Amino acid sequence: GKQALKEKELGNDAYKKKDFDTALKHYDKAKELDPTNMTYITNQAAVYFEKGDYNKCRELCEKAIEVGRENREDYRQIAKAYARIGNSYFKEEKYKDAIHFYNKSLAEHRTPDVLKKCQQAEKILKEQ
């Protein structure tokens, strides 16, 4: 718990400087100390996304979701994990899948950023 979060935060610091190796490693240590926290897994998903590895990001988002449905109290992080899957489709121009996943996210927790990203995709899709 305590050290887990100090591991996550060093990872966070690394990720923000695009030091993805270091982020992943600190995220791993965080996950070994507290396997039931889906945030570390969604954090790794973010790393793979910024690497261009959209597929791994989605895989990791899916795992984060199974861990969170077990917690049962984590609707907002579940929401984040779906919107990250949406984002990863959006990046590949797979807009129908992007939109579907934003709707999943919003249904969990409505947020403005995710609503705005959804409307962007709906407009692109409309006008195609």
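From 1 onward, residues are counted along the sequence shown.
Would 100-108 or 15-23 have the larger average of its C-alpha temperature factors, as given in the entry? Comparing averages over the C-alpha atoms only gives 15-23.
Stretch with the greater mean C-alpha B-factor as recorded in the entry, comparing 53-61 against 27-35: Higher mean C-alpha B-factor in the PDB entry: 27-35.
When the modelled residues of the chain are sorted by Cα temperature factor, does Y40 land in the lowest, middle or highest third? According to the entry, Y40 has a C-alpha B-factor in the chain's middle third.
Comparing against every modelled residue in the chain, figure out the third that the C-alpha B-factor of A46 lands in (lowest, middle or highest). Lowest third, going by the recorded CA B-factors of the chain.
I85 CA temperature factor, ranked by third within the chain: Bottom third by C-alpha B-factor.
Can you tell me whether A79 has a C-alpha B-factor in the lowest, middle or highest third compared with the other modelled residues of the same chain? Lowest third - that is where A79 ends up once the chain's C-alpha B-factors are sorted.
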